[PDB]
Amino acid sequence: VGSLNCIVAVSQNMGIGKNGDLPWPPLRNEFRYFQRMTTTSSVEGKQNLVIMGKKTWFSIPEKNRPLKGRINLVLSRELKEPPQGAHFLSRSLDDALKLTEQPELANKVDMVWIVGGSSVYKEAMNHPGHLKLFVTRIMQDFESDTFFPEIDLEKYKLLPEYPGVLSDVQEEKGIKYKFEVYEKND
């Protein structure tokens, strides 16, 4: 199995969600960036795995689930089987990561991408080890009811460039945003 990574888009006031949806209007190139980054595997014969909480799964429109070309794993302690369209179900983040190591999957998974939401991000970010955060900074405040955990900049180094990631300011629907990549190793 290769790297562990989180990916997220976040407003200036650290918001990621409101009422089961994004706080901002759809940003279609932002979403194409998310798709490209999480689908692209730097290893032949393998695909990437995406891990998400239950609410995130149901927050993605039906037409776009499962996220295609990736193994989709949902986290829940209530569900008895993966949701309609998903591939795997685990009861903790530790369980999900062990599973990638099992022979069912050890040979098939390249990168792992945590794609939401708050609890899953927090636990990954505070777990010792090598971890990258792909963060899109939406450069406006948006009313939100769900927030991204604090990034400790003592541990997470902002990378000065990263292959495949544009460094300049993007804009769609009059909303400016920029891409960042952070890395810790502890």
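Don't overthink the numbering: it's just position in the shown sequence, from 1. Rigid core: the largest C-alpha set superposing within 1.5 Å between the two forms.
A.B. asks: With the rigid core as the fit anchor, does 130-138 or 56-64 show bigger C-alpha shifts in 7 other deposited structures of this protein?
C.D. replies: After superposing on the rigid core, the more displaced stretch in 7 other deposited structures of this protein is 56-64.
A.B. asks: Higher average CA B factor in the deposited record is what I'm after, so tell me if that's 65-73 or 39-47.
C.D. replies: Of 39-47 and 65-73, the stretch with the higher C-alpha B-factor average is 39-47.
A.B. asks: Per the PDB record, is the mean Cα temperature factor higher over 48-56 or over 138-146?
C.D. replies: Between 138-146 and 48-56, it is 138-146.
A.B. asks: Looking at 99, 86, 112, 79, which has the biggest Cα B factor in the entry?
C.D. replies: Most elevated C-alpha B-factor of the set, per the entry: 99.
A.B. asks: Lowest, middle or highest third: where is residue 176 by C-alpha B factor in its chain?
C.D. replies: CA B-factor rank for residue 176: middle third.
A.B. asks: Where does residue 130 sit by CA temperature factor within its chain: lowest, middle or highest third?
C.D. replies: Middle third of the chain for residue 130's C-alpha B-factor.
A.B. asks: Based on the deposited C-alpha B factors for this chain, I'd like to know if residue 17 is in the lowest, middle or highest third.
C.D. replies: According to the entry, residue 17 has a C-alpha B-factor in the chain's lowest third.
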